[PDB]
Amino acid sequence: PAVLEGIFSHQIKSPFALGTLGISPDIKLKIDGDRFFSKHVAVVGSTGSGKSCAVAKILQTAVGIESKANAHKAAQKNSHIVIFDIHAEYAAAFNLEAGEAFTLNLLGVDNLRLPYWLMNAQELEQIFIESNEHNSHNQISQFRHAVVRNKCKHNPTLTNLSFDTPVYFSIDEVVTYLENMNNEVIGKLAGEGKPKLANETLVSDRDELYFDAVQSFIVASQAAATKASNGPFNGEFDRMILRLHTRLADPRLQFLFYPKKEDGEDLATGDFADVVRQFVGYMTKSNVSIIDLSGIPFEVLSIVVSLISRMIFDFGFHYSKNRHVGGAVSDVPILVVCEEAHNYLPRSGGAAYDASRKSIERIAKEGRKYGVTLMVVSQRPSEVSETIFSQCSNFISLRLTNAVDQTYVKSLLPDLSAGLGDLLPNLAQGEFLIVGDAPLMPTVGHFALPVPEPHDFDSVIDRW
Amino acid sequence: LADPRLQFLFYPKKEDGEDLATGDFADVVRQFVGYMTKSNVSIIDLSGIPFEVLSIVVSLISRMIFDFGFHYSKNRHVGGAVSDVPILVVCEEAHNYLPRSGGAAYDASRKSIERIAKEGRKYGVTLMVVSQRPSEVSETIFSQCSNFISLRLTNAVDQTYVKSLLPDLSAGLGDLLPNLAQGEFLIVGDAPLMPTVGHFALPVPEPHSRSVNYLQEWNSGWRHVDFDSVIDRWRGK
Amino acid sequence: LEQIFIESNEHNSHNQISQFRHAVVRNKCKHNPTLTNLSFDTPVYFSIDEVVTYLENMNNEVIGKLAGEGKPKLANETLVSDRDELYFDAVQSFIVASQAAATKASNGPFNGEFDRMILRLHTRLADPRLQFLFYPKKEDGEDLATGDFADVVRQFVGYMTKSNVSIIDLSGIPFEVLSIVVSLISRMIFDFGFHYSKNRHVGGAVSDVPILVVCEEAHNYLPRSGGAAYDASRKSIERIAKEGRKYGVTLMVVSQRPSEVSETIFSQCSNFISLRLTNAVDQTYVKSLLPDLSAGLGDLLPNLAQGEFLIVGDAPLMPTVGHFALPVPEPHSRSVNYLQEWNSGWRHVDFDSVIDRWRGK
Amino acid sequence: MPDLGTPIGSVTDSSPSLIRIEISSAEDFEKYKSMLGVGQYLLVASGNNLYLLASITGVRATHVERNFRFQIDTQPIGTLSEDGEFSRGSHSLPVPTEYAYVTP
Numbered sequence: 125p126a127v128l129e130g131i132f133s134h135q136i137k138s139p140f141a142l143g144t145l146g147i148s149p150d151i152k153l154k155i156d157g158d159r160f161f162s163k164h165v166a167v168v169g170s171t172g173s174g175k176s177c178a179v180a181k182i183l184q185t186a187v188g189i190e191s192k193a194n195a196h197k198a199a200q201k202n203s204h205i206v207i208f209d210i211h212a213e214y215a216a217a218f219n220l221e222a223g224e225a226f227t228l229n230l231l232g233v234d235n236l237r238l239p240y241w242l243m244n245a246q247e248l249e250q251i252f253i254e255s256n257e258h259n260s261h262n263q264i265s266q267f268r269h270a271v272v273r274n275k276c277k278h279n280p281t282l283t284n285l286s287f288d289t290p291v292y293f294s295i296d297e298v299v300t301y302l303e304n305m306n307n308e309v310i311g312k313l314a315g316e317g318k319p320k321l322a323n324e325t326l327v328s329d330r331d332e333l334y335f336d337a338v339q340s341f342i343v344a345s346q347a348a349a350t351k352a353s354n355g356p357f358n359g360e361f362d363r364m365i366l367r368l369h370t371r372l373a374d375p376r377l378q379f380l381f382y383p384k385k386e387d388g389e390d391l392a393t394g395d396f397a398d399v400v401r402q403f404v405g406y407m408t409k410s411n412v413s414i415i416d417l418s419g420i421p422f423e424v425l426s427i428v429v430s431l432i433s434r435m436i437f438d439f440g441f442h443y444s445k446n447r448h449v450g451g452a453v454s455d456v457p458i459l460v461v462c463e464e465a466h467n468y469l470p471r472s473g474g475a476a477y478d479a480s481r482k483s484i485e486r487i488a489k490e491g492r493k494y495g496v497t498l499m500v501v502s503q504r505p506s507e508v509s510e511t512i513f514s515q516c517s518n519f520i521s522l523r524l525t526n527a528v529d530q531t532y533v534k535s536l537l538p539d540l541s542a543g544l545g546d547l548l549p550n551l552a553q554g555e556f557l558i559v560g561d562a563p564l565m566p567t568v569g570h571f572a573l574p575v576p577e578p579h597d598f599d600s601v602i603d604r605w
Numbered sequence: 372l373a374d375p376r377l378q379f380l381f382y383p384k385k386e387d388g389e390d391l392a393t394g395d396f397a398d399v400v401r402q403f404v405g406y407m408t409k410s411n412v413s414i415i416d417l418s419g420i421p422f423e424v425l426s427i428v429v430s431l432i433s434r435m436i437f438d439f440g441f442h443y444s445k446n447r448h449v450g451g452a453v454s455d456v457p458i459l460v461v462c463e464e465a466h467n468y469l470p471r472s473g474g475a476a477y478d479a480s481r482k483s484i485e486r487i488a489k490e491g492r493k494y495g496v497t498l499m500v501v502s503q504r505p506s507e508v509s510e511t512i513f514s515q516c517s518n519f520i521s522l523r524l525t526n527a528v529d530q531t532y533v534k535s536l537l538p539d540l541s542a543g544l545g546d547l548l549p550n551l552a553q554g555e556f557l558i559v560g561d562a563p564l565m566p567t568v569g570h571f572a573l574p575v576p577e578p579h580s581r582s583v584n585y586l587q588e589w590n591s592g593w594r595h596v597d598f599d600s601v602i603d604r605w606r607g608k
Numbered sequence: 248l249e250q251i252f253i254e255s256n257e258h259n260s261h262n263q264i265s266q267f268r269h270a271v272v273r274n275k276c277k278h279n280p281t282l283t284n285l286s287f288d289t290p291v292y293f294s295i296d297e298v299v300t301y302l303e304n305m306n307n308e309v310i311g312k313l314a315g316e317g318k319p320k321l322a323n324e325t326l327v328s329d330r331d332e333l334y335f336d337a338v339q340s341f342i343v344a345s346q347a348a349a350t351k352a353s354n355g356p357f358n359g360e361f362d363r364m365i366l367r368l369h370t371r372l373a374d375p376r377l378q379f380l381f382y383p384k385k386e387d388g389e390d391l392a393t394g395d396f397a398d399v400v401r402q403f404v405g406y407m408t409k410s411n412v413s414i415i416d417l418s419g420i421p422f423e424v425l426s427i428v429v430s431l432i433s434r435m436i437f438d439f440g441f442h443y444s445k446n447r448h449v450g451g452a453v454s455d456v457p458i459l460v461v462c463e464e465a466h467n468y469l470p471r472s473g474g475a476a477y478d479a480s481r482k483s484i485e486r487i488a489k490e491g492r493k494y495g496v497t498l499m500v501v502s503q504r505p506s507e508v509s510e511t512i513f514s515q516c517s518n519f520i521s522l523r524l525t526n527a528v529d530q531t532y533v534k535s536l537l538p539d540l541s542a543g544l545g546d547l548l549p550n551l552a553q554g555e556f557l558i559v560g561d562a563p564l565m566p567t568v569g570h571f572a573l574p575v576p577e578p579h580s581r582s583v584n585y586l587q588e589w590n591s592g593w594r595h596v597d598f599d600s601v602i603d604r605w606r607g608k
Numbered sequence: 001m002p003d004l005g006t007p008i009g010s011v012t013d014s015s016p017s018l019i020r021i022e023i024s025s026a027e028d029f030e031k032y033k034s035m036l037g038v039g040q041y042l043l044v045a046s047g048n049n050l051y052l053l054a055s056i057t058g059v060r061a062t063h064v065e066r087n088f089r090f091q092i093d094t095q096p097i098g099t100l101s102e103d104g105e106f107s108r109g110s111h112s113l114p115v116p117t118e119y120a121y122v123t124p
């Protein structure tokens, strides 16, 4: 046993314990650390097997925790992890007793502070409007004008703004304007070429009131004494305000529509950095940060993940430049650890599922240079995009019984041998398949357990 | 447009006496799906449908079901959860309307079924395929099936095809197929702990189709044919 | 051009791409009067800003539907025979169309019916990573113009009577446009060989200035199985493999996964240098590509020490096994090591500053 | 766990992908022929207090005189201890001269 670990890792400078190559615990697989974490790694198994224990064990070793104790109690090392959790299984793994003094930043539906105005145009359009209605040709135009002007009224400082630029605006002002334009009425009589009011007064432009407040006007008539015209769309997009106002009332998403601080006020344009502070972990000085999204409905997951990824990537990009002028590479390394990726990385190029994909795809291509890396894990490898898997240098796949899945796991990577391919379905508990560059010479391994461990028919049509 | 057989497509009219307005839509789907609760087993009879529009009919029904599942399971997926009402589509004699090599006339049947193959689990619609000639059936649909049940097979070609598909099945265990007795089967895939050979009992009630027997009936005499009435009903109009 | 500016995901292509094909041309001409007219592929100046402006303006026009008065409806009713006069300075909203006898007008299928691309164009322009294509500027501060053409080539070529090495650092470039970049660069370098090798070949004599291109990590941009989006680079490079020897521009390929490289490129290679290969499929691919080496000498590859190579081809008298020395200076990459940095302690992050830089403007 | 009876035969050739069992008496073969068909399972012994579960994938019978040989080929699926824990995976290897039993 003694000779093999040396033959394994003395050539290397920063090695990583990764288990027991055989049955005897003395045989410690010591993979090259940097090549492992400096590039993308993929662990994609099957249901009914301990992938979660393996992931937790890897991460725990990475942070130093072991045997219900924190080796670095006095001091905090520089490790930055961000985990996406859907089955709500990873909180306990790290939640150890207070005496060890480990600050874990748990996060979820109840306390998120992720506003809407960070989002880009593409998502926003899907967030509020739905293409299925097929009345878009004009309503989207008016929408866009509204969201483009709302930003203008709230703020005077910025210049040359646009639809995509993230600045502070209201959705309520928008719905007020939409209502009052739907109900807009112009006086037809001589010298009345502007919105005619209930008090018979005219206004220079809509901006003075319509965004500000809802209004009622005279009814249209053929007679010259009572002649007036309605809004062009009066009684056209009332459905728009209807679906929207129904969308907002949802409680599950109350954070998104209005994120209030601890004091109680809503976030502002200048109150920006705090949000970045949260997902990274510098707000509470907690290395690990979890994100439990189970409460969220199955439709908006992609939006959420995309926004988060955009933040995490831009942060490292800009830090890397701020330091390149200084002449050094980044010192804050971040790692994103997806779980249940298939939910937001489907193979079938669904429209909604597109928004997130490119974002994550970006991190696969250009990440290493800037500081951000990715680790994928999904239970069903079949229903996940190939581009992501293709990039990952090193593969660790667990028991994979199904056929449609294992044909995929084989086809993605041809480094898999013919003789060892038959082993992927027949595995004992704890046994994994490792292949790639990190092993000085390839191997097959198994782990021990981690302690802590991870825990109306008529109605449907109306939507259609 | 005149053909009387094909008037379920063109000239549908309400049961009360009225025609089918756009609002009546719900009712049609009701007959396939039924009440969400209280399990239903609907049966389409495709024996008396004209052989020209069969593939259209299958495609239409399939898309309707798939979309209903889409819309029902859209929100209830709160966290990685499947719907309480799962459907199962049973396709008998598949090679009739899902050929391996065929012209555009049968394309409409692939596109829908293949959809359910690639993306169905998310919404609760699953399949069952039955064929007595597995060689001629489309290739993509078989490889997307997790479990397999195989009974006696004697033709060499289908032997070899099925032997290729099943990965765990080796060269040795395939020599077993031409030797299976009545109501004996070989099961493979994820559902069973280990591959196994088993045996069925007879079902009650039995399914016995109303087939027409010729030479059981060719030994009787001339049945006088009231041609008059035959044509009388054949005047029609 | 089609890939950058148009994304074929939408199904409105049938009329949309045709409208873009039409839109470009008229302006493409209208800018260059000296060079009279051009065509769709012709690389002579034009402006995308004002193409966006016209395709946006076609969204708000109101032309008269009167009987015997076919003139557009402006605020002061200025008559324009051609578009040039008034689309440029500012997008001209015209009096709303109606059925009134005084102001009857026509509205067609171009009044903004393909807006959704209008949305993405402004964004592609806003992307400040990709400034260098859509707003290139000189050192003086003024933008590029046709006469500046020389520079865009010189940086690669340099000078005749001296030796240079140019190094494109494709790391910073975004991932969606890298193939377009390489395609264009290759086309240019080849067309500066055609022209310059017009005469000096008098009797088949290679030129004085030969150019060598080096394609590192080829499988990124010359894939065996790739969609049309990654196909441009496949073409431009293949041309050099075909008919470059005549004009003096060669090629070199460096791959660490040969199996996933295009079949023709390697096919038109005359010398082969192989180092240690430790995977089987690549082993078989090589064992086939070159038939000079008996099957037996192929089992030599998996057992070759560090800096040991096998050379096979026309250059040497006989296939041989050799050993490199170390290079001084060595090539190194400024990669970032993660677990070497985690060992260090927390580092205060001056979030305010990073965010200020993030702000832009 | 339960008594497995009298063995049918011994191992001759062993390997992680194949096991060969030989029988040299027709009286026993005919006794258990029903349970020795393709698709059925056999127990083999590797060591003390351990058993392997193998699936038959070929039978051959021959009578050469200069007498009976019966050869049975198997493929291992997993392991079973005396307590009764069925663990999938077959790392172990059975040495020749070890016995084979029919799975009650």
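Protein chains in written order, with the entry's author numbering: chain C, 125 to 579, 597 to 605; chain V, 372 to 608; chain X, 248 to 608; chain A, 1 to 66, 87 to 124.
Here a beta-carbon is modelled for each residue, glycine too, at the ideal position from N, C-alpha and C.
Query                                                                                                                                                                   : Result
Between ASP478/V and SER517/V, which are expected to be in contact by the criterion C-beta below 8 Å, what is the C-beta distance as a whole number of angstroms?       : About 26 Å; that fails the 8 Å criterion.
Is the beta carbon of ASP561/V within less than 6 Å of some heavy atom of the ligand GDP?                                                                               : The ligand GDP is absent from the structure shown, which contains no ligands of any kind.
Terminal residues of the continuous alpha helix (DSSP H) containing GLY543/X?                                                                                           : 542-545
Quick check on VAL508/V: does DSSP put it in helix, strand or coil?                                                                                                     : strand
Express the C-alpha separation of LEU302/X and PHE341/X in angstroms, rounding to a whole number.                                                                       : 15 Å
Spatial neighbours of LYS482/V within its chain, please: CB distance less than 6 Å, with the 5 preceding and 5 following residues excluded, ordered by chain position.  : none
If we count the other Cβ atoms within 10 Å of its Cβ and call it buried at 16 or more, is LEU540/V buried or exposed?                                                   : buried
Rounding to the nearest angstrom, what Cα-Cα distance links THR94/A and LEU228/C in this structure?                                                                     : 53 Å
Give a yes or no on whether the C-beta atoms belonging to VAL601/X and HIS442/C are separated by under 7 Å.                                                             : yes
Any idea if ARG604/V is buried or exposed, counting beta-carbon neighbours within 10 angstroms, 16 or more meaning buried?                                              : exposed
When the distance is taken between beta carbons, is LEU153/C closer than 7 Å to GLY569/C?                                                                               : yes
Among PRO383/C, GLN250/C and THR300/C, whose alpha-carbon lies nearest the alpha-carbon of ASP234/C?                                                                    : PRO383/C
Going along the chain, which residues of its own chain have a beta-carbon closer than 8 Å to the beta-carbon of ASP331/X, five neighbours each way excluded?            : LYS277
With burial defined as no fewer than 16 other Cβ atoms inside 10 Å of the residue's Cβ, what is the status of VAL461/X: buried or exposed?                              : exposed
Take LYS275/X as the anchor and find which of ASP288/X, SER433/X and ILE484/X has the nearest alpha-carbon.                                                             : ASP288/X
Restricting to Cα atoms, I'd like to know which of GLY543/C, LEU142/C and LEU313/C is closest to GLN346/C.                                                              : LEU313/C
If we ignore side chains and look at the alpha-carbon of each, how far apart do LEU524/X and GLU507/X end up?                                                           : 14 Å
Curious, which full-length alpha helix (DSSP H) runs of at least 4 residues does the segment 420-500 of chain C contain?                                                : 425-448 and 476-490
Given this structure, state the Cα-to-Cα distance separating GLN515/V from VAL559/V, to the nearest angstrom.                                                           : 14 Å
Which residues in the same chain as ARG471/C place their Cβ atom closer than 8 Å to its Cβ, once the five residues preceding and following it in sequence are excluded? : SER506, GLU507, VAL508, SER509 and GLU510
If the cut-off is 9 Å on Cβ atoms, which residues from the segment 540-567 of chain V count as contacting chain A, listed in chain order?                               : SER541, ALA542, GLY543, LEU544, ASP546, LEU547, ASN550, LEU557, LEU564, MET565, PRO566 and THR567
Less than 7 Å between CB atoms is the rule here; does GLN250/X satisfy it with respect to chain C?                                                                      : no
Going by C-alpha to C-alpha distance, which of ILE420/V, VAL453/V and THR531/V sits closest to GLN378/V?                                                                : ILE420/V
Beta carbon of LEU498/V, beta carbon of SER480/V: below 7 Å?                                                                                                            : no
Return the chain-ordered list of same chain residues with a C-beta closer than 7 Å to the C-beta of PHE29/A, the five sequence neighbours on each side being excluded.  : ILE23 and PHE90
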